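Note: hydrogens, waters and symmetry copies are ignored here, and every other heavy atom, side chains too, is used. In the text below, chain A, chain B and the rest are named by the order of the sequence lines, each starting its count at 1.
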Amino acid sequence: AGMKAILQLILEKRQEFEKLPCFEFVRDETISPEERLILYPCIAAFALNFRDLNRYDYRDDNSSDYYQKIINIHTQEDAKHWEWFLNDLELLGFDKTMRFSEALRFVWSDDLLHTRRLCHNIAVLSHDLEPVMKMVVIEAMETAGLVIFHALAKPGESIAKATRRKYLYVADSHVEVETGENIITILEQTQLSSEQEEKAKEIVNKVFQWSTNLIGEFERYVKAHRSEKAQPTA
Amino acid sequence: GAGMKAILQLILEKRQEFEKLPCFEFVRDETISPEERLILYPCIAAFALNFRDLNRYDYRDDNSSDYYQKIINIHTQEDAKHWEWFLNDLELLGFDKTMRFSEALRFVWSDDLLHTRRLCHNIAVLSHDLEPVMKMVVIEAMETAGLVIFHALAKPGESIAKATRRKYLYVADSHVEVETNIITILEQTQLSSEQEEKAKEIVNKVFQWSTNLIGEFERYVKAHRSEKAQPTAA
Ligand SMILES: N[C@@H](Cc1ccc(O)cc1)C(=O)O
Ligand SMILES: N[C@@H](Cc1ccc(O)cc1)C(=O)O
Ligand SMILES: [Fe+2]
Ligand SMILES: [Fe+2]
Ligand code: NI
Ligand code: NI
Ligand code: NI
Ligand code: NI
Ligand code: NI
């Protein structure tokens with residue numbers, strides 16, 4: 001009954017999460033896809049911190065644990081997508097020449113605090129978790145990720161097709177490989193103690209709270225940048 | 001008490017080993033041009049701004065009435081203002097170069113600056129579940145390693161500052177002077193057995209993490225031996 005409640009909590013949080021104004025904007029085919037991807041450079045901090053979360057926090061190569069070996073396999077691949085981010089950054093005309101300090105001031109912007117610190121908050125949440133509870137973190141976080149990338153892949157695929165270029169990050173191929181030997185949701189062959197159950201609730205609430213804080217920063221960046229667009233070239 | 005006395009002595013011990021690292025003998029070597037010794041200056045980017053965030057977000061807690069946490073909050077306020085000095089001296093040193101956004105991100109998230117980039121993250125993980133007296137120990141150790149670093153860098157720093165007649169703020173005596181009721185002064189504090197052992201864990205991890213960063217700085221110099229500073233005379 002416990003595990004079943006948690007998987008349901010994720011579904012409910014996903015349903016709130018997918019309705020955020022940011023995603024309504026990103027999905028809106030009456031606005032140019034070049035305007036809908038004006039939030040693209042905001043992902044910078046998040047994408048490479050996500051790589052680092054997978055490489056150095058999620059992964060433990062020496063674990064003999066059944067659950068940790070499956071995590072290790074999944075984090076191996078999920079940590080390769082940051083190159084896709086830098087690919088599409090270039091394609092979208094956002095790999096602009098600037099001073100080193102302009103890039104640093106951007107990454108450490110007070111207006112991208114939640115974006116920058118999302119993976120930090122996950123690593124802190126995860127520090128004392130047993131592998132089975134790290135799976136809940138990853139499933140929650142990946143449920144949020146599928147919503148974000150299913151939305152972003154809409155304008156991305158529109159630009160990819162129109163410019164005749166292969167987008168890799170804001171692209172259906174990203175959503176497909178991310179979704180995914182065993183998948184972590186399938187390890188719903190697991191039942192949780194009462195302790196684990198209240199912890200998994202805490203995890204899902206925070207993961208979606210922090211994910212909503214990031215998306216709120218994107219919505220506000222968009223708002224402060226409607227007077228520009230991605231500049232893809234044909 | 002005599003448990004605290006052991007901690008303050010372990011910090012002196014750890015400072016004495018740390019002071020001897022090859023990177024510091026290099027930075028102190030007046031036979032090498034100060035432009036060459038500050039080859040490592042841009043490495044600090046991946047740290048100075050994380051140090052600011054550590055002080056704003058991780059150490060500081062504005063919903064606390066504890067005596068100690070209130071001392072912490074005061075100290076963290078000033079320590080969080082030095083990142084702008086870092087950007088000042090970046091430009092003065094000629095390291096505020098024009099580049100692709102992606103080259104700035106690949107710099108910060110370089111595998112060759114992993115320990116530099118993660119030092120403050122590691123400190124936040126260590127600190128997040130400590131009582132304030134124990135956070136005071138993290139901060140005092142960190143600040144002890146910090147003094148060794150800025151005592152060394154201020155040598156080539158002040159050489160360039162006088163030679164070019166420009167006000168250097170970060171690799172500068174003024175930074176070394178302002179970093180120095182003070183936290184050590186609450187060595188009017190007695191630790192339990194448990195706190196004694198955790199203070200030992202804290203002081204060991206701070207100095208190990210600080211050694212790893214300095215080791216990366218030394219490897220950077222060796223791999224970038226031509227990329228000397230290029231300050232301009234006033
Ligand atoms: N898929 C993202 C990572 C991610 C995962 C979960 C999220 O909620 C958000 C983003 C990437 O490759 O960068
Ligand atoms: N004084 C440094 C921070 C620092 C502190 C402790 C250290 O060990 C190193 C660096 C700054 O303003 O950025
Ligand atoms: Fe991904
Ligand atoms: Fe400082
Ligand atoms: Ni997977
Ligand atoms: Ni702007
Ligand atoms: Ni102080
Ligand atoms: Ni904890
Ligand atoms: Ni290099």
Of all heavy-atom pairs between [X] and [Y], which one has the smallest distance, and what is that distance?
| X | Y | answer |
| --- | --- | --- |
| A:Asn49 | B:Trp109 | OD1-NE1, 3.0 Å |
| A:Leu53 | B:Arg118 | N-NH2, 4.1 Å |
| A:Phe100 | B:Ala45 | CZ-CB, 3.7 Å |
| B:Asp111 | A:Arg51 | OD1-NH2, 4.0 Å |

Is atom [atom1] of [X] surrounded by more than 12 heavy atoms (other residues, nucleotides or ligands) closer than 6.0 Å?
| X | atom1 | result |
| --- | --- | --- |
| A:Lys199 | NZ | no |
| B:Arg165 | CZ | no |
| B:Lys228 | NZ | no |
| B:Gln230 | CD | no |

Audit row: A:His127, B:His128, side-chain contact (heavy atoms from CB on, under 4.5 Å) steps and yes/no: CA-CA 10 Å; A:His127 83 95; B:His128 79 284; 2.9 Å; yes
Just so I know, are the side chains of [X] and [Y] near enough to count as touching, which here means a heavy-atom distance under 4.5 Å?
| X | Y | answer |
| --- | --- | --- |
| A:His120 | B:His121 | yes |
| A:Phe85 | B:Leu105 | yes |
| A:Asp52 | B:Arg117 | yes |

At a heavy-atom separation under 4.5 Å, does [X] approach chain A through its side chain, its backbone, both, or neither?
| X | value |
| --- | --- |
| B:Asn88 | neither |
| B:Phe95 | backbone |
| B:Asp129 | side chain |
| B:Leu87 | side chain |

Which portion of A:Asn121 sits near chain B, non-hydrogen atoms under 4.5 angstrom: neither
Which atoms of A:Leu48 approach chain B - backbone, side chain, both or neither, heavy atom under 4.5 Å: both
Partner chain B: residue of A:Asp95, A:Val124, A:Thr97 with the largest heavy-atom pair count (under 4.5 Å): A:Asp95
Most contacts with chain B, counted as non-hydrogen pairs under 4.5 angstrom, among A:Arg105, A:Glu102, A:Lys96, A:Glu90: A:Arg105
Selection from B:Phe107, B:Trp83, B:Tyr57 maximising heavy-atom pairs under 4.5 Å formed with chain A: B:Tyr57
